[PDB]
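Asker: Just dropping this structure here.
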Amino acid sequence: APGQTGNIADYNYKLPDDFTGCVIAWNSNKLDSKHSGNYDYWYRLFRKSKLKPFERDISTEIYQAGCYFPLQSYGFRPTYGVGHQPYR
Amino acid sequence: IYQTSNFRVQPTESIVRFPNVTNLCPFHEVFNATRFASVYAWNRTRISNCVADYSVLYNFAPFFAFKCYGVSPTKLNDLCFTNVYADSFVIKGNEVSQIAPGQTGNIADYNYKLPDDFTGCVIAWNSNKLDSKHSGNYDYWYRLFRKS
Amino acid sequence: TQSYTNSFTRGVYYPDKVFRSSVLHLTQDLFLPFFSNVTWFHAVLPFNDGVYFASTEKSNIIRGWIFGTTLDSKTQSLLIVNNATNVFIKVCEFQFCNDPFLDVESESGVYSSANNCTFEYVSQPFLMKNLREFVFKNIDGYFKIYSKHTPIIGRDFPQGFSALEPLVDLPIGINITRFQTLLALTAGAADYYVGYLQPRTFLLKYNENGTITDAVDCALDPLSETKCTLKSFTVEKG
Amino acid sequence: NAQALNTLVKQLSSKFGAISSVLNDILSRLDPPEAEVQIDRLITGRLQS
Amino acid sequence: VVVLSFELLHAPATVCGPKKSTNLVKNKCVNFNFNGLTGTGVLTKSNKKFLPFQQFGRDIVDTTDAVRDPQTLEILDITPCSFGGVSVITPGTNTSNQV
Ligand SMILES: *[C@@H]1O[C@H](CO)[C@@H](O[C@@H]2O[C@H](CO)[C@@H](O)[C@H](O)[C@H]2NC(C)=O)[C@H](O)[C@H]1NC(C)=O
Ligand SMILES: *[C@@H]1O[C@H](CO)[C@@H](O)[C@H](O)[C@H]1NC(C)=O
Ligand SMILES: *[C@@H]1O[C@H](CO)[C@@H](O)[C@H](O)[C@H]1NC(C)=O
Ligand SMILES: *[C@@H]1O[C@H](CO)[C@@H](O)[C@H](O)[C@H]1NC(C)=O
Ligand SMILES: *[C@@H]1O[C@H](CO)[C@@H](O)[C@H](O)[C@H]1NC(C)=O
Ligand SMILES: *[C@@H]1O[C@H](CO)[C@@H](O)[C@H](O)[C@H]1NC(C)=O
Ligand SMILES: *[C@@H]1O[C@H](CO)[C@@H](O)[C@H](O)[C@H]1NC(C)=O
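These protein sequences, in sequence, are chains A, B, C, D and E. Quick note on my numbering: the first sequence kicks off at 79 and runs consecutively. Quick note on my numbering: the second sequence kicks off at 24 and runs consecutively. Quick note on my numbering: the third sequence kicks off at 259 and runs consecutively. Quick note on my numbering: the fourth sequence kicks off at 5 and runs consecutively. Quick note on my numbering: the fifth sequence kicks off at 1095 and runs consecutively.
Written out as structure tokens, the structure reads:
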């Protein structure tokens, strides 16, 4: 949401403060979650820093401390709701 | 004669002044100390007011694990949380999938139970060379079974 | 002896940490109103919102304080003592429930069940023909203590003006309701006073060197109220 | 003419209903959309002066 | 393995991180941050007397005009950087273009 900051709020998807669209939630936990973890697709947890609104970065593993990829797995479940929901 | 705008003299630089940095945190006590308490009887390391420099942490005994579950490693020295709740112990390397929110097992419900709502940094490294000498410390005890 | 006496023009402390010169600043904070009752104790009390200790004698009168809520069990109490070398502003409590000793040699006779001590602040000893004053104000977990070291010239109240300067502020975070006094530094006497603090509006006067030299109580008499409105010490005919 | 200028200058230290009376003090320790409404109170107050 | 939990309470914070510092300059328009006090101006050596518990001075209209350096205890003056209006003197543009 516009304004609030922390972790993936601005590390990856920085929503501009002049937002005008509408946010919609589509939860199909069974469909988009493996029983042991959706390791196929990963989220960038610990990158360099924040980024300006509507900026996409695809380079990975180049940065290292001065850690490799910061993709800290998924561990999802089709029935788990808290911490494992796909939440597209 | 007309008036159009106003003129200003821009600053040339920026300056910052702050008092002498004293009263370092007790983190130096665990330094030059290659042994501490156990996992069940973990040693209390409550920290009072002090300067929270953490650069020396990354230098002594390079930590294999640096990730912070609650905060970010970049957002480490900026915070001024009220106090510190630091708990340390010795664990098996093969038990890596035991120190985290979840993964309840041998060390969770029998030994000290790690809280799920962690708001700190998870640091772990193999200190066999610094701790496990040739003689070894097999006499040390850790719970593999319990009833509570 | 629970006698009473006039408080006169006493109990002014520096309100903040701001330098001022040749200005008349009108503040609004906790103060001791002029000409109030003072319970001249000679031989247990609510904390209210501050106190005004004035125990003077000449050289040795008071040597301790308690400043607790329950004064026993394990509830934190901001015990304060002092001697020739250092003070002990520490959050550490005994059981008390007794009269502490009046020796003229160690902490024995006062402590019974000294438990864990959380805070152990130590600083310059309080002591600097001596008059000692005090203000114990707490707000947002900030224990603020003031002091003054004017010599005593009159056995009664030495009518005049004084300004208490800050001594130390601590981030304790506890609430207190009662307190006790420890004395004797053996037949003798121990002069001892106490007042109370109320919200007030005052008009202080600063000289060009930044020292408070006068004040006016804005709710005392019709003349004093007029001065606060005009922000001056002289009122013309009108 | 001297009183009006002094009164005008002293209006710069009035909260007018915001957290503080300093522009950049509330700029730092506040949420960027939350700080938007605080600046609104100061601007409206200072325009009225 | 050591885990440090960053708890917090309404009581005032105790463990703050390390704080940096810089040099000092005089007779130059520069931004300053003196122990959490922010502002801009020219800092020059003062000649006023401070009681050893105050930090900064204020004038009649409640604007900062003196500060104390937290590194070395010394009193500095603060003067705002110069500003003013600007006028343009022109003849008729139907006559000339000089201003
Ligand atoms: C001394 O240590 C005791 C524990 O050994 C402290 O008591 C705990 O205090 C915390 C915070 O004040 C509470 O959350 C706990 O519930 C207390 N436990 C018990 C068993 O009392 C005590 O606060 C410490 N300090 C002092 C001055 O006693
Ligand atoms: C802080 O450090 C400087 C370094 O030169 C020193 O001169 C100064 O005295 C120190 N501060 C105090 C209060 O001593
Ligand atoms: C610090 O560790 C070194 C390691 O060789 C040791 O020689 C030294 O005595 C230690 N200092 C202490 C424990 O104060
Ligand atoms: C626990 O920590 C304290 C403080 O450093 C230390 O004195 C004590 O020896 C430690 N206990 C053990 C068992 O390591
Ligand atoms: C002080 O004495 C009593 C307090 O017991 C109080 O009622 C009285 O109004 C005060 N003033 C005088 C002159 O007694
Ligand atoms: C004052 O009390 C302290 C308590 O630590 C003690 O060390 C000191 O000797 C005392 N002063 C004198 C003059 O005995
Ligand atoms: C202020 O201090 C100066 C210099 O110490 C002194 O000359 C002057 O008399 C003082 N003003 C007073 C004491 O009112």
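Where a beta carbon is used, it is the ideal one built from N, C-alpha and C, also for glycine.
Residues around ligand 4, please: the condition is that the C-beta lies closer than 5 Å to some non-hydrogen atom of it.
Answerer: For ligand 4, the selected residues are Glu52/B, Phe59/B, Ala60/B and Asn66/B.
Asker: So does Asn306/C have its beta carbon nearer than 7 Å to some heavy atom of ligand 5?
Answerer: no
Asker: Along the region 1098-1130 of chain E, what residues have a CB closer than 7 Å to any CB found in chain C?
Answerer: Within the region 1098-1130 of chain E, the residues whose Cβ lies closer than 7 Å to some Cβ of chain C are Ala1105 and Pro1106, listed in chain order.
Asker: Quick one: which residues of the region 81-96 of chain A get their C-beta closer than 9 Å to a C-beta of chain D? List them in chain order.
Answerer: With the criterion set as a beta carbon lying under 9 Å from some beta carbon of chain D, the members of the region 81-96 of chain A are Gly81, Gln82, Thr83 and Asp95, in sequence order.
Asker: What's the gap between the Cα of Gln82/A and the Cα of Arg33/D?
Answerer: 12 Å
Asker: So with Cβ pairs under 8 Å, would you call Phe124/A a contact of chain B?
Answerer: Chain B contact via Cβ: present.
Asker: Mark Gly128/B as exposed unless 16 or more other C-beta atoms lie within 10 angstroms of its C-beta, in which case mark it buried.
Answerer: exposed
Asker: Work out the CA separation of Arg134/A and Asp274/C for me, nearest whole Å.
Answerer: Roughly 51 Å between the two C-alpha positions.
Asker: Using only CA atoms, which one of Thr1173/E, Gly1135/E, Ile1169/E and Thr1138/E lies nearest to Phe1150/E?
Answerer: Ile1169/E
Asker: Decide yes or no for the touch test of the region 93-111 of chain B against the region 1097-1110 of chain E: beta carbon pairs closer than 8 Å, at least 3 of them.
Answerer: Short answer: they touch.
Asker: Between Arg390/C and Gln382/C, what straight-line distance do the alpha-carbon atoms span, to the nearest angstrom?
Answerer: If you take the alpha carbons of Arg390/C and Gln382/C, they lie about 16 Å apart.
Asker: If you count every other CB in all the chains shown that lies within 10 Å of the CB of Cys145/A, and 16 or more means buried, which is it?
Answerer: exposed
Asker: Can you give the Cα-Cα distance for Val474/C and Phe460/C, rounded to whole angstroms?
Answerer: 6 Å
Asker: Just to be sure I understand the criterion: a residue counts if its Cβ is closer than 5 Å to at least one heavy atom of ligand 5. Which residues meet that?
Answerer: Proximity to ligand 5 was defined by a C-beta distance below 5 Å to any of its heavy atoms, and the residues meeting it, in sequence along the chain, are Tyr262/C and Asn295/C.
Asker: What's the C-alpha gap between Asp35/D and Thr1157/E?
Answerer: 27 Å
Asker: Looking at chain A, is there any beta carbon in it that lies within less than 8 Å of the beta carbon of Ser95/B?
Answerer: Closer than 8 Å: yes.
Asker: Could you spell out the range, first to last residue, of the alpha helix (DSSP H) harbouring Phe1128/E?
Answerer: Looking at the DSSP string, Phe1128/E is not in any alpha helix (DSSP H); the run it does join, the beta strand (DSSP E), is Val1124 to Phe1128.
Asker: Which residues does DSSP pair with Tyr146/A in a beta bridge?
Answerer: Its beta-bridge partners do not exist; DSSP assigns none.
Asker: Could you tell me if the beta carbon of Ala342/C falls within a distance shorter than 7 Å of some heavy atom in ligand 6?
Answerer: For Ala342/C, the Cβ falls inside the 7 Å cut-off from some heavy atom of ligand 6.
Asker: In the DSSP assignment, what are the bridge partners of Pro138/B?
Answerer: Paired residues: none, contrary to the question.
Asker: Whole angstroms is fine: what's the gap from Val281/C's alpha carbon to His51/B's?
Answerer: 50 Å
Asker: Does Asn5/D come within less than 8 Å of chain E when only Cβ atoms are used?
Answerer: no
Asker: My understanding is that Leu31/D touches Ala39/D, with C-beta atoms under 8 Å, so please give their C-beta distance in whole angstroms.
Answerer: 6 Å
Asker: Return yes when at least one heavy atom of ligand 1 lies under 7 Å from the C-beta of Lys1139/E, else no.
Answerer: Short note on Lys1139/E: C-beta not closer than 7 Å to any heavy atom of ligand 1.
Asker: What does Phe1177/E touch in chain B if you count any residue whose Cβ is under 8 Å from its own?
Answerer: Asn29, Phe30, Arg31 and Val32
Asker: If the criterion is Cβ atoms closer than 8 Å, does the pair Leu481/C and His283/C meet it?
Answerer: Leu481/C places its beta carbon 8 Å or farther from that of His283/C.
Asker: If you measure from each residue's Cβ to the nearest non-hydrogen atom of ligand 1, which ones come out under 6 Å, in chain order?
Answerer: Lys332/C, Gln334/C, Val349/C, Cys350/C, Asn373/C, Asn374/C, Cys375/C and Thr376/C
Asker: So the alpha helix (DSSP H) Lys14/D belongs to, where does it begin and stop?
Answerer: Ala6 to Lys14
Asker: Whole angstroms are fine: how far does the CA of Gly1130/E sit from the CA of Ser114/A?
Answerer: 50 Å
Asker: Using beta-carbon positions only, say whether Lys112/A and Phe154/A come within less than 8 Å of one another.
Answerer: yes
Asker: Report yes if the C-beta distance between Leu123/A and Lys92/A is below 8 Å; otherwise report no.
Answerer: no
Asker: Quick check: the region 143-152 of chain B against the region 339-355 of chain C, are at least 3 beta-carbon pairs closer than 8 Å?
Answerer: no
Asker: If the cut-off is 8 Å on Cβ atoms, which residues from the region 81-105 of chain B count as contacting chain H, listed in chain order?
Answerer: Of the chains in the structure shown, none is chain H; the protein chains are A, B, C, D and E.
Asker: When Cβ atoms are compared, which residues of the region 1151-1168 of chain E fall closer than 7 Å to chain B?
Answerer: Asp1163, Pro1164 and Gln1165
Asker: Which same chain residues, not among the five before or five after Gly322/C, have their C-beta less than 6 Å away from its C-beta?
Answerer: When the five nearest sequence neighbours on each side are left out, the beta carbons in the same chain lying within less than 6 Å of the beta carbon of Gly322/C are those of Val339 and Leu440, in order along the chain.
Asker: Anything in chain C within Cβ reach of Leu1145/E, meaning under 9 Å, just list it in chain order.
Answerer: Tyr272, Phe277, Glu423, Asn467, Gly468 and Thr469
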